[PDB]
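Visitor: Pasting run-v9.txt below, which is compact mmCIF, C-alpha atoms and all ligand atoms.
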# COMPACT_ATOMS: atom_id res chain seq x y z
CA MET W 1 -88.86 48.83 -140.11
CA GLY W 2 -87.71 51.11 -142.89
CA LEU W 3 -90.66 49.65 -144.78
CA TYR W 4 -93.31 50.84 -142.39
CA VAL W 5 -91.69 54.23 -141.94
CA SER W 6 -91.32 54.58 -145.71
CA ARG W 7 -95.07 54.00 -146.04
CA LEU W 8 -95.89 56.91 -143.74
CA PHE W 9 -94.40 59.29 -146.29
CA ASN W 10 -96.64 57.97 -149.10
CA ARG W 11 -99.07 60.38 -147.44
CA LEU W 12 -97.15 63.33 -148.91
CA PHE W 13 -96.82 62.17 -152.53
CA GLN W 14 -98.80 65.18 -153.77
CA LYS W 15 -96.31 67.59 -152.21
CA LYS W 16 -93.78 68.88 -154.76
CA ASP W 17 -90.93 68.68 -152.27
CA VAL W 18 -90.97 67.78 -148.58
CA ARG W 19 -87.94 69.28 -146.83
CA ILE W 20 -87.02 67.92 -143.46
CA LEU W 21 -84.17 69.15 -141.31
CA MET W 22 -82.92 66.99 -138.47
CA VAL W 23 -80.67 68.67 -135.96
CA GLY W 24 -79.40 68.44 -132.41
CA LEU W 25 -76.13 68.70 -130.49
CA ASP W 26 -73.48 66.17 -131.42
CA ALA W 27 -73.96 62.68 -129.94
CA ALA W 28 -77.73 63.14 -129.54
CA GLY W 29 -78.45 60.26 -131.93
CA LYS W 30 -79.12 61.84 -135.37
CA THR W 31 -76.89 59.58 -137.47
CA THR W 32 -78.20 56.48 -135.67
CA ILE W 33 -81.79 57.37 -136.59
CA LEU W 34 -80.86 57.88 -140.26
CA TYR W 35 -79.30 54.41 -140.55
CA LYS W 36 -82.10 52.96 -138.45
CA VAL W 37 -85.04 54.06 -140.63
CA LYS W 38 -83.16 52.97 -143.78
CA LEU W 39 -85.25 55.27 -145.98
CA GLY W 40 -82.38 55.81 -148.39
CA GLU W 41 -78.62 56.10 -148.78
CA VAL W 42 -77.00 58.31 -146.15
CA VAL W 43 -75.00 60.46 -148.55
CA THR W 44 -72.42 62.51 -146.67
CA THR W 45 -70.98 65.81 -147.87
CA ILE W 46 -68.56 68.40 -146.52
CA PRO W 47 -69.72 71.87 -147.66
CA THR W 48 -66.75 73.50 -145.95
CA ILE W 49 -63.81 72.03 -144.00
CA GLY W 50 -65.12 70.83 -140.65
CA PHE W 51 -68.84 71.06 -141.47
CA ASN W 52 -70.39 67.64 -141.99
CA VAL W 53 -73.81 67.14 -143.52
CA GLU W 54 -75.73 63.91 -144.06
CA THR W 55 -78.42 63.80 -146.71
CA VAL W 56 -81.08 61.14 -147.27
CA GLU W 57 -83.45 61.42 -150.21
CA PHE W 58 -86.28 59.20 -151.43
CA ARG W 59 -89.05 60.20 -153.83
CA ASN W 60 -90.16 63.80 -153.14
CA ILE W 61 -88.74 63.73 -149.58
CA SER W 62 -85.32 64.84 -148.32
CA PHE W 63 -83.57 64.97 -144.95
CA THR W 64 -80.65 67.30 -144.29
CA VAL W 65 -78.81 66.49 -141.08
CA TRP W 66 -76.06 68.31 -139.19
CA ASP W 67 -74.93 68.98 -135.63
CA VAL W 68 -75.82 72.25 -133.89
CA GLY W 69 -74.34 73.82 -130.78
CA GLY W 70 -70.78 73.28 -131.97
CA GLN W 71 -68.81 76.42 -132.75
CA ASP W 72 -71.61 79.01 -132.63
CA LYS W 73 -69.89 81.26 -135.15
CA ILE W 74 -70.66 78.80 -137.92
CA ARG W 75 -74.39 79.18 -137.29
CA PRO W 76 -74.84 81.40 -140.39
CA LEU W 77 -73.51 78.51 -142.44
CA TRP W 78 -76.66 76.54 -141.53
CA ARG W 79 -78.95 79.13 -143.15
CA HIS W 80 -78.28 77.65 -146.59
CA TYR W 81 -80.72 74.90 -145.53
CA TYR W 82 -83.65 76.84 -144.00
CA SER W 83 -85.48 78.09 -147.09
CA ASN W 84 -88.63 76.03 -147.77
CA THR W 85 -88.30 73.77 -144.75
CA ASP W 86 -91.51 71.91 -144.01
CA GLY W 87 -90.48 70.08 -140.89
CA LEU W 88 -87.84 70.30 -138.22
CA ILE W 89 -86.74 67.30 -136.18
CA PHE W 90 -84.76 68.14 -133.08
CA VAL W 91 -82.97 65.11 -131.61
CA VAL W 92 -81.90 65.38 -127.96
CA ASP W 93 -79.81 63.19 -125.66
CA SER W 94 -82.21 62.57 -122.76
CA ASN W 95 -79.34 61.25 -120.65
CA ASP W 96 -77.10 64.29 -121.16
CA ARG W 97 -78.12 66.82 -118.50
CA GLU W 98 -74.91 68.83 -118.83
CA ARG W 99 -75.79 69.95 -122.37
CA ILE W 100 -79.58 69.95 -122.28
CA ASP W 101 -79.59 73.72 -121.81
CA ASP W 102 -77.45 74.13 -124.91
CA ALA W 103 -79.96 71.99 -126.78
CA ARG W 104 -82.77 74.24 -125.52
CA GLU W 105 -81.11 77.39 -126.79
CA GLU W 106 -80.19 75.93 -130.17
CA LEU W 107 -83.74 74.69 -130.58
CA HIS W 108 -85.53 77.90 -129.61
CA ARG W 109 -83.04 79.89 -131.61
CA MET W 110 -83.57 77.67 -134.64
CA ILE W 111 -87.38 77.59 -134.62
CA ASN W 112 -87.49 81.38 -134.52
CA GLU W 113 -85.64 81.75 -137.77
CA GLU W 114 -87.80 83.73 -140.19
CA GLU W 115 -87.41 80.86 -142.68
CA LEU W 116 -88.39 78.13 -140.21
CA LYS W 117 -91.35 80.07 -138.88
CA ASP W 118 -93.90 77.62 -140.33
CA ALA W 119 -92.09 74.30 -139.94
CA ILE W 120 -93.70 71.45 -138.01
CA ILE W 121 -91.61 70.63 -134.92
CA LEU W 122 -90.77 67.02 -134.02
CA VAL W 123 -88.62 66.47 -130.96
CA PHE W 124 -86.99 63.10 -130.30
CA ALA W 125 -86.14 62.66 -126.60
CA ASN W 126 -83.63 59.95 -127.44
CA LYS W 127 -81.73 57.47 -125.28
CA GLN W 128 -84.76 56.71 -123.13
CA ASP W 129 -83.20 53.26 -122.71
CA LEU W 130 -80.54 54.60 -120.37
CA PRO W 131 -81.24 54.20 -116.61
CA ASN W 132 -80.49 57.74 -115.52
CA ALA W 133 -82.15 59.30 -118.56
CA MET W 134 -84.49 62.23 -118.00
CA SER W 135 -88.09 61.25 -118.71
CA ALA W 136 -89.79 62.86 -121.71
CA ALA W 137 -91.58 65.08 -119.21
CA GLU W 138 -88.35 66.41 -117.69
CA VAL W 139 -86.84 66.91 -121.17
CA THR W 140 -90.00 68.84 -122.09
CA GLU W 141 -89.36 71.09 -119.06
CA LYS W 142 -85.64 71.54 -119.72
CA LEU W 143 -86.28 72.33 -123.39
CA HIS W 144 -89.10 74.65 -122.31
CA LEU W 145 -91.30 73.30 -125.10
CA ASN W 146 -94.42 74.61 -123.37
CA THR W 147 -93.24 78.14 -124.19
CA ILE W 148 -93.63 77.47 -127.92
CA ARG W 149 -96.60 79.34 -129.33
CA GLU W 150 -98.52 79.26 -132.62
CA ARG W 151 -96.39 76.26 -133.51
CA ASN W 152 -97.40 72.66 -134.06
CA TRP W 153 -94.94 70.56 -132.07
CA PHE W 154 -94.64 67.15 -130.45
CA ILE W 155 -92.10 65.39 -128.24
CA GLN W 156 -91.50 61.67 -128.76
CA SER W 157 -89.48 59.26 -126.56
CA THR W 158 -87.07 57.06 -128.48
CA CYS W 159 -84.26 54.58 -128.39
CA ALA W 160 -82.68 55.19 -131.80
CA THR W 161 -80.44 52.17 -131.27
CA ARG W 162 -83.44 49.82 -131.08
CA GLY W 163 -85.86 51.92 -133.11
CA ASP W 164 -88.57 52.40 -130.50
CA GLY W 165 -90.59 55.59 -130.93
CA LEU W 166 -89.23 56.34 -134.39
CA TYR W 167 -92.33 55.11 -136.24
CA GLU W 168 -94.56 56.98 -133.79
CA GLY W 169 -92.51 60.13 -134.18
CA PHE W 170 -92.65 59.97 -137.97
CA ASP W 171 -96.29 58.92 -137.96
CA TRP W 172 -97.06 62.18 -136.17
CA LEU W 173 -94.75 64.26 -138.38
CA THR W 174 -96.01 62.99 -141.74
CA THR W 175 -99.60 63.24 -140.54
CA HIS W 176 -99.15 66.96 -139.88
CA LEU W 177 -96.87 67.73 -142.82
CA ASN W 178 -99.74 66.41 -144.94
CA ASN W 179 -102.41 68.89 -143.87
CA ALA W 180 -100.01 71.83 -143.41
CA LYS W 181 -100.37 73.61 -146.76
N1 LIG B 1 -77.80 54.19 -125.09
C1 LIG B 1 -78.13 54.75 -126.25
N2 LIG B 1 -77.16 55.19 -127.05
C2 LIG B 1 -77.64 55.74 -128.20
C3 LIG B 1 -78.98 55.89 -128.61
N3 LIG B 1 -79.05 56.51 -129.85
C4 LIG B 1 -77.79 56.71 -130.15
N4 LIG B 1 -76.88 56.27 -129.19
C5 LIG B 1 -75.40 56.32 -129.16
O1 LIG B 1 -75.03 57.68 -128.95
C6 LIG B 1 -73.98 58.11 -129.85
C7 LIG B 1 -74.57 59.16 -130.79
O2 LIG B 1 -74.12 58.98 -132.16
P1 LIG B 1 -74.95 59.37 -133.50
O3 LIG B 1 -73.76 58.82 -134.19
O4 LIG B 1 -76.03 58.55 -132.96
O5 LIG B 1 -74.67 60.87 -132.90
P2 LIG B 1 -75.09 62.29 -133.54
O6 LIG B 1 -75.17 62.05 -134.98
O7 LIG B 1 -73.97 63.23 -133.31
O8 LIG B 1 -76.35 62.70 -132.90
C8 LIG B 1 -73.49 56.84 -130.52
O9 LIG B 1 -72.44 56.39 -129.65
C9 LIG B 1 -74.76 55.95 -130.49
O10 LIG B 1 -74.45 54.53 -130.55
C10 LIG B 1 -79.98 55.41 -127.73
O11 LIG B 1 -81.21 55.44 -127.89
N5 LIG B 1 -79.48 54.85 -126.57
MG MG B 2 -73.78 62.47 -136.54
The structure given in the file should be rewritten as structure tokens.
Ligand SMILES: Nc1nc2c(ncn2[C@@H]2O[C@H](COP(=O)(O)OP(=O)(O)O)[C@@H](O)[C@H]2O)c(=O)[nH]1
Ligand SMILES: [Mg+2]
Guide:
Amino acid sequence: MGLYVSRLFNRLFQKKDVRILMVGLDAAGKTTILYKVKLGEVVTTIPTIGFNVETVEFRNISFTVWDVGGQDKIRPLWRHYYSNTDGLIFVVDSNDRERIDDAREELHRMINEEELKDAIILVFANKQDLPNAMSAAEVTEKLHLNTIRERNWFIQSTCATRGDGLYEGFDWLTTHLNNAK
């Protein structure tokens, strides 16, 4: 698993530094995905009391992961990670309808950051395994992804716990990060 996903990134070996942010509300499935793709050690750090960041690095690639939609007064704290971002992965809980609108706002707010203006957008509609989970289509509507313009985005159904859709999602991401600039 980690093997085949690791290969996908060989595509970007020429790139000096591939920066990938992976965000989403808490409990969307971010941490699960990191330990599921086993691309590298999930080094955890605590920049400031209460703010938890997970970092995975391998070769010229790095992932910086943290939860959004928490105490939206800490949002400026996240800016330290926007500069030179090549790709943005937004993980969403497809089964959580109560907070899908919060996800939407965090996402649209985040992709309109001057510094994230040219980042590829990968959306993981996670927890597709759950019975009453919104289909990728309904998550696309709730996240209002069709209102995104001039941006290269893609929504991918996944079950982080089993790994389904991860390879596909990353296959798309790395393919586009490659011919970006
Ligand atoms: N049913 C189901 N649960 C999942 C899936 N992905 C993650 N979870 C669970 O949802 C919770 C999210 O935790 P992670 O630690 O994954 O959360 P996050 O880092 O805050 O997004 C954990 O209880 C996971 O075991 C999935 O595809 N299906
Ligand atoms: Mg987490």
Visitor: Which residues form the shell of 8 Å around ligand LIG 1 (chain B) when you count all atoms listed in the file, given as an MDAnalysis selection string?
Guide: chainID W and resid 23:33 66:67 91:93 126:130 158:163
Visitor: Using all atoms listed in the file for the distances, tell me which of W:63, W:74, W:52, W:113 is nearest to ligand MG 2 (chain B).
Guide: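 Among the listed residues, W:52 lies closest to ligand MG 2 (chain B).
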Visitor: Take CA of residue 142 (chain W) and CA of residue 114 (chain W) and report the distance between them in Å, one decimal.
Guide: 23.9 Å
Visitor: For a test of reading the model, state the distance in Å between CA of residue 167 (chain W) and CA of residue 9 (chain W), rounded to one decimal.
Guide: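 Taking CA of residue 167 (chain W) and CA of residue 9 (chain W), their separation equals 11.1 Å.
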Visitor: Quick one: pull the distance between CA of residue 42 (chain W) and CA of residue 104 (chain W), Å, one decimal.
Guide: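 So the two atoms, CA of residue 42 (chain W) and CA of residue 104 (chain W), lie 26.7 Å apart.
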Visitor: Which is closest to ligand MG 2 (chain B) among W:168, W:54, W:41, W:86, if we use all atoms listed in the file?
Guide: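 Among the listed residues, W:54 lies closest to ligand MG 2 (chain B).
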Visitor: Using all atoms listed in the file for the distances, tell me which of W:39, W:12, W:118, W:44 is nearest to ligand MG 2 (chain B).
Guide: W:44
Visitor: Applying 9 Å and all atoms listed in the file, which residues near residue 20 (chain W) remain after dropping the ones on its own chain fewer than 6 positions away? List them as a list in words.
Guide: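 Non-adjacent residues within range: residues 61, 62, 63, 64, 65, 85, 86, 87, 88, 89 and 119 of chain W.
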Visitor: Quick one: of W:141, W:132, W:173, W:98, who's nearest to residue 153 (chain W), counting all atoms listed in the file?
Guide: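 Result for the nearest residue to residue 153 (chain W): W:173.
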Visitor: Would you mind telling me which residue in W:8, W:148, W:46, W:37 lies nearest to residue 112 (chain W) when using all atoms listed in the file?
Guide: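 Among W:8, W:148, W:46, W:37, it is W:148 that comes nearest to residue 112 (chain W).
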Visitor: Under the rule that only C-alpha atoms are counted, which of W:84, W:157, W:179, W:10 is the nearest residue to residue 136 (chain W)?
Guide: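 Ranked by minimum distance to residue 136 (chain W), first place goes to W:157.
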Visitor: May I have the residues within 8 Å of residue 156 (chain W) as a list in words, using only C-alpha atoms and disregarding those fewer than 2 positions away in the same chain?
Guide: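 Skipping anything fewer than 2 positions along the chain leaves residues 122, 123, 124, 125, 136, 154, 158, 165, 168 and 169 of chain W.
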Visitor: As lines of an AutoDock Vina configuration file, please: the centre and edge lengths in Å, to one decimal, of an axis-aligned box enclosing every listed atom of region 73-92 of chain W with 8 Å added on each side.
Guide:
center_x = -80.7
center_y = 73.3
center_z = -137.9
size_x = 37.6
size_y = 32.3
size_z = 35.8
Visitor: Please provide as a list in words all residues within 10 Å of residue 110 (chain W), with the sequence filter that same-chain residues fewer than 6 positions apart are discarded (counting only C-alpha atoms).
Guide: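 Once the nearby chain positions are removed, what remains is residues 23, 68, 75, 78, 79, 82, 88, 90, 104, 116 and 117 of chain W.
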Visitor: Quick one: residues within 12 Å of residue 7 (chain W), all atoms listed in the file counted, chain neighbours fewer than 3 positions away excluded, as a ChimeraX atom specification?
Guide: /W:1-4,10-13,37,39,58-59,167,170-171,174-175
Visitor: Env of residue 133 (chain W): 8 Å cut, atoms = all atoms listed in the file, seq-sep filter 6 positions within chain, self excluded. Answer as a list in words.
Guide: residues 94, 95, 96 and 127 of chain W
